[PDB]
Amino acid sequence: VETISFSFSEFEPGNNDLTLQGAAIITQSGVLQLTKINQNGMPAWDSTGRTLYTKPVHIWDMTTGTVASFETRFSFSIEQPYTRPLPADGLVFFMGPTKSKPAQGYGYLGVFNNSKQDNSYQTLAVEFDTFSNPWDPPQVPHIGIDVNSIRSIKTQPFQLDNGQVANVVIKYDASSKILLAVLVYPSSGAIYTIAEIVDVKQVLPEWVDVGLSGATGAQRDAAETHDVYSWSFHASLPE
């Protein structure tokens, strides 16, 4: 078995287990701010930021045909403090090719380049999308499962609990090809679920980077916080 795992119950500035990209900072109090917070505490528009675990992850091996099962968990808050215009754009857990740099922002969430469906992306993602783009369902926020496209293969509306912490569980079972995600708000007790078939052998490269990305919007004050308080991950590739 090729097993890999990590776990941050909080973040600490400077620990090179994490590559920070774009606007992402780790505060002194241990919070990963994916998108820029101005000095008055308000979230800035036109901001993109990501973080990746600095170690590659073996997900499948094109010599044995085995596929790795895996699971990630994290806690985040999105606060939408502006009365106008509508908030944007969201945050996302993603798995893609290694050594990746941030892509386009706004509705592509720092992960995609366009609204194309394109096997060249080689990227799996679970999004928490706060702005309804032309390729989106009308309901926001929504969870979505993104396979080689910002146009999710499956979505699920959820109600924001503005500024509260949400717990996320994301799990892939290789044998059934099921990818599931759950969002829980302790503040309210609300529980949301989503699941779809995903053949990661046909999507992901053998090795992948895993990461979190956030983005705010393309006009002034179309913005929200994308703060992350903890992040764990476990992958296990059978022989």
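Between two forms, the rigid core is defined as the largest C-alpha subset superposing within 1.5 Å. One rule holds for the numbers: they count along the sequence shown, beginning at 1.
Each structure in 4 other deposited structures of this protein is fitted to the shown form on the rigid core, and of 82-90 and 134-142 the C-alphas lie farther away on average for 82-90. Looking at mean Cα B-factors across 163-171 and 114-122, the upper value is held by 114-122. Checked against the record, the higher mean CA B factor of 212-220 and 16-24 lies with 16-24. You'll see in the entry that, of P138, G144, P85, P97, the Cα B factor peaks at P97. The maximum CA B-factor among the listed residues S69, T48, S187, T193, taken from the PDB record, is found at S69.
In this PDB entry, the Cα temperature factor of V200 sits in the top third of its chain's modelled residues, the highest group.
In the PDB entry, a CA B factor belonging to the highest third of its chain's modelled residues is recorded for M62. Sort the chain's modelled residues by C-alpha temperature factor and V182 lands in the lowest third, per the entry.
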